[PDB]
Each structure stands twice: as C-alpha cells, then as structure tokens.
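Before any questions on binding or motion, here is one chain by itself as structure tokens, the form deposited in one PDB entry.
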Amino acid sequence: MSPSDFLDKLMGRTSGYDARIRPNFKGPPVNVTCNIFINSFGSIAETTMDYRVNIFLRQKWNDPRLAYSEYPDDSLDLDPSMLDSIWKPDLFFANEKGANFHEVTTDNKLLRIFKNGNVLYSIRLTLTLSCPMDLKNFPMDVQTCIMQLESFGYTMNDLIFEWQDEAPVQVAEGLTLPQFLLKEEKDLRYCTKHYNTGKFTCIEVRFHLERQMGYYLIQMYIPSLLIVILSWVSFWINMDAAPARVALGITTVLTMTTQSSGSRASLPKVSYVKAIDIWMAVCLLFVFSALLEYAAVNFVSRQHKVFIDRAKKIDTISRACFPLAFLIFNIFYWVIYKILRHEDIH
C-alpha cells in the first residue's frame, strides 16, 4: 500500500480503535514486561536522602487490536508523535520526587508494533528517587537504593507488571561513580501496594552501593590521628614548661572539637551514633586525657624529694601506655568494622 495509509488504518475512527480502553477489556489482565537501561547514575545526596538517575524505560505488551498481516513489513518502527493515539500503561514511580522527559531536539521516545500485536515502548527519563539511608557505620556503609514501578489507576485484575526474564537491568559500559561502587548483582522483588482504593501492582529493583573510604581516610581519619600523635609530643616536652604543655593540650582539644563537628557537615541531622562519631569521640577523649595527664603532673610536682621522681614516673609511663592503648583501640575498631562489612547485604 502506502506507508501513511497503513498507520491511520490500523487505529482510528475507521478501525474503531479507542486509546481509552485497555487491550483485553473484560478478559485476563494485561501483562507488561519491563526492563530498564541505566544511562547515568549520580547526585547521591545524604542530606536529602535521594539520588538522580537517567534510564531508558522499555515496556512490552500485546495488543490484539494492533495485529496486522496485510502490510509486508515484520516490525513497524513508527513515528513518536502518534504515541497519543494508542493505549499505554499508566506506570509511575512510587519513590519519585521529581521526574521529566527529554525534548532536546525531538521527543526521546520509541514505539514498535509487531505483526502479532506486541508493542515495544521505550522512553528516556530523568528521575530523582528518594532513598532512606542507614548511616550507622557511616564512613564504611553499603546503601541499598530502590526503584518501584507501580500502576496508578488499574488494579491487579487489569494490569500486571513483570520484569523481563533476561536482563531486566542493564548498566551502560564504563559508568563509574566518584563515591560508590555499583554492585553487579541486583535484587528483583515483588511489591504490592494495598490502599483503601484497592490492590495495585508493583515491581522493585535494589542497587547496592559500597562507600569508598579513600576520601574519608585522608579527610578525617589521618588528620585526626595526626592530632593524637601531636598530643603525644607533650609527654616528651619538659615538665616545667607549663605554657608549652598547656597550649599543646588546648590547641589539640579545640582542633579535635572542630574536626568532630566537621565530620557531620555533609550529613543529615540523624540522632544515632556513627562509626566516625565513635572514632571522633575516642580521639577527643585521648587528647583530653593527655591534658589531664599534665594537669596531674603539674599538681603533684608542687606539694612542699619523692615528689620529683613520682611526677616523672607518670610521664615515663604515659610515654608508652598512651600509644599502646591507642593501638589496642585501633585494632578493635578496625577489626570489628571490617567484620560487620562482611555481613551479607541481604
């Protein structure tokens, strides 16, 4: 025939096609097979508990009214503007905060109609999805980001969503994240929303992201350790140098206070302790105990010669005991925090 006539013949007034009626109106529910292709991944903000994604959302379903045989071609890669003249599933993202299409030059849309009536519907989307994050074990945590594909108007008696058996989630090659590693395996679950308006279909993916500790070591693990070592210099400073040892205790304690507040600058105001909070608390306790060590030496040395060697013994004991107890803490902290991270994500 001609390319234009076939398009407006299969659907329209002459054929009787109605886009407001689901394909099998009073029969079995429509089964929509979905699969996504992640084009980009980033903007993971813990303060707002969300992340931004850019995906190619593909949907496959069978429409018996769109089946054709006369036209010679097998598939039919048609124009996007007609997408309003056909029935489409009312998919929506349950945990979506913001979303939009793309019209950079034309509509970033695709539609194919096969001979048997199968419809492939691909679309480009930018999504801002909410992600509740557990920040206990914060510099060393594995977050799980979810993506729920839910129907809004049709129940399970009308619309059912299914993930493709092969490759429901595909990630673009070379897609890296500056802060996390995206695990190769993905979890495909079966959500089902139960409202007072009825039952609604839902499908869900889970992405596992491990936080990289290279930034946090050079940002607040090594500089705080350096402050603890800098506090240990006072044990070798001469005893009568009171403005020297006291200023050494003070600058280290106040710096540890500012570094402790600086470790939560980019984090939400949660109300539970974290692993970095435990490390900051122990380092602050160590520098404060070093200052209390000199406050005791300064008090013991003036009680009037037993008191000259008794105060010097505290300095000699603190020279070896302060790094040994800090090493024992470092062993227990790092070992138990590399033990909890081997726990299964599931």
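If you superpose the two forms and keep the largest set of C-alpha atoms that fall within 1.5 Å, you have the rigid core. Residue numbers run from 1 along the displayed sequence.
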Mind giving me a quick count class for deposited residues absent from the model between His304 and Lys305? Options are none, 1 to 3, 4 to 9, 10 or more. 10 or more
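The same protein also exists as the form deposited in another entry; that form is not shown, yet it is the one meant from here on.
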Can you tell me which of these residues, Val53, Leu57, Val32, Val297, is the one whose C-alpha shifts by at least 2 angstroms between the shown form and the other one after a rigid core fit? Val297
Determine, after fitting the two forms on their core, whether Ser15 shows a C-alpha shift of 2 Å or more between the shown form and the other one. no
Is_shifted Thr257 between the shown form and the other one (CA, 2 Å cut-off, rigid core): yes
If we fit on the core, is the Cα of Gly98 displaced 2 Å or more between the shown form and the other one? no
